[PDB]
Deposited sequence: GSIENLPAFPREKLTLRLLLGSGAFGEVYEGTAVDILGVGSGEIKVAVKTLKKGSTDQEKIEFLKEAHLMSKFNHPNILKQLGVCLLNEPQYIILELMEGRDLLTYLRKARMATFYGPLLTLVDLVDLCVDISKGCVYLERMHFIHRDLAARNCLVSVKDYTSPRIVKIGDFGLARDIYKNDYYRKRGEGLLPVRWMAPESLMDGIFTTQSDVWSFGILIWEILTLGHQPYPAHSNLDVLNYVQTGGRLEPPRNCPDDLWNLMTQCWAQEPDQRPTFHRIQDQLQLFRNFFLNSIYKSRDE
């Protein structure tokens, strides 16, 4: 099994909008990636004259995304690796990163958020499925957070899907074992997924708002956890709580996480119609 990245003619690609740094990241268009015609894409670059190691890391990303193939995992459409800068062509997620999407939903009107409980639960289900896939592909993400997911649509009415991307100490997302001992397992991923669904349920609040970065470890290692989101469904709080069991093997599996979420959703939908 010799791996092969999907090559795409550079001539057909046109950069249009700079998004930021991460090389840099651009929005652009690309011809017949998928008859297809002119379709919009995100382009991750590799800065000219970067370290020899930096070029290897960039190619590691590319390989990972070639292997992955799942609705809730970001698709890599092509690569342009013959010239500098190197291009990784990603499907454009018009909703931007999940953290932004959540915040724009909250701070759009005081009349109320543009995302509802059902919308939010569907976001959690999407990621959980993604996490289940990655687990089955023996992959530990080691940076599960809203900032590292993307949303398909800019608006808040159209059907949407979330996908995991991104293949600094994020102390607020890190399991106690990770901080103290540098341990990173699927179970420590479950800790982070816990924090993520808290992010979703609070529409993109900062975890541990009352604590500096230096105070987070202190607070956690005395059994201090996040405060429940406003009106957070009990069933979802019990899931989050168990994601942050101090003992790693006391945390649920991603299969079970997806079970809980779908079951909760089923229950909630039924309660609507029965009223």
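Peer 1: What residue ranges of the deposited sequence are absent from the coordinates?
Peer 2: Absent from the structure are positions 1, 24-25, 38-39, 173-190, 299-301.
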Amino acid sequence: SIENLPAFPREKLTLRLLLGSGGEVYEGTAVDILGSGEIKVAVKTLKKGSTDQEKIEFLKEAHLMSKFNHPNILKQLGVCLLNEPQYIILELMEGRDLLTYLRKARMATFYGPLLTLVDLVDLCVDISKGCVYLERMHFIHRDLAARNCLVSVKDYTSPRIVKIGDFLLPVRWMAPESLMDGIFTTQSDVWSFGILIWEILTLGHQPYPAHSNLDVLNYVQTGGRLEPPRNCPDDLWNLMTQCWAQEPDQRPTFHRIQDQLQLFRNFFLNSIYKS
From here on, numbers count along this sequence of modelled residues.
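Peer 1: Averaged over C-alpha atoms, is the B-factor higher for 45-53 or for 64-72 in this PDB entry?
Peer 2: Looking at the record's C-alpha B-factors, the answer is 45-53.
Peer 1: When the Cα temperature factors in the entry are averaged, is it 94-102 or 77-85 that ends up higher?
Peer 2: On average, C-alpha B-factors are higher across 77-85.
Peer 1: When you compare the CA B-factors of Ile127, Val121, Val151, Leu168 as listed in the entry, which one comes out on top?
Peer 2: Of the options given, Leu168 has the highest CA B-factor in the PDB entry.
Peer 1: In terms of CA temperature factor as recorded, identify the highest of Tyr111, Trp173, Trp198, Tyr156.
Peer 2: Among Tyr111, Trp173, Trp198, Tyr156, the PDB entry lists the largest C-alpha B-factor for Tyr111.
Peer 1: By its CA B factor, does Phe184 count among the lowest, middle or highest third of the modelled residues in the chain?
Peer 2: Highest third.
Peer 1: Can you work out whether the C-alpha temperature factor of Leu19 puts it in the lowest, middle or highest third of the chain?
Peer 2: CA B-factor rank for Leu19: middle third.
Peer 1: Quick one: classify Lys163 as lowest, middle or highest third of the chain based on its Cα B-factor.
Peer 2: It falls in the bottom third of the chain.
Peer 1: Using the B-factor values recorded in the entry, state whether the Cα atom of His141 falls in the lowest, middle or highest third among the modelled residues of its chain.
Peer 2: It falls in the middle third of the chain.
Peer 1: When the deposited Cα B-factors of this chain's modelled residues are ordered and cut into thirds, is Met107 in the lowest, the middle or the highest one?
Peer 2: For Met107, whose C-alpha B-factor we compare with every modelled residue in the chain, the answer is the highest third.
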